[PDB]
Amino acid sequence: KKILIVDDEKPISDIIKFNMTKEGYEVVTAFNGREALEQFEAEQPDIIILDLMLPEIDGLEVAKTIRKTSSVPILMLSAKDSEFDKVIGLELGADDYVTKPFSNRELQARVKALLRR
């Protein structure tokens, strides 16, 4: 399975990439919302892990535009942790929303759960 991870902070991207690689997934990375849409279109990932505070196009906008054409599972992963943030993330089309700082094991279990369903 192929995972697109979208995050502008390279240290975070690297941590998540390391963890997905350990699970046997193929990893693609994007570092802003424009790269996220371009990678989504070129790579057709099986799942997207999506940060929200991103250069160029923010993650909510990325999720909304992906949803215009695709039902690819989207797991938002953000320091934005308010009721409002989670609710609008899910309403716009995210299948799950996990906050930073996060457990690596839980992230792995949530990716598996989304892929399962």
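Position 1 is the first residue in the sequence shown; the rest follow in order.
In the record comparison, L54 is unmodelled in at least a third of the other entries of this protein that model the residues flanking it. The stretch 62 to 70 shows the higher mean C-alpha B-factor when 62 to 70 is compared against 45 to 53 in the entry. When the C-alpha B-factors of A109, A94, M20, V98 are read from the PDB record, the largest value belongs to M20. For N32, the recorded CA B-factor ranks within the lowest third of the chain. Only modelled residues enter the ranking.
Among the modelled residues of its chain, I88 has a C-alpha B-factor that falls in the middle third, as given in the PDB entry.
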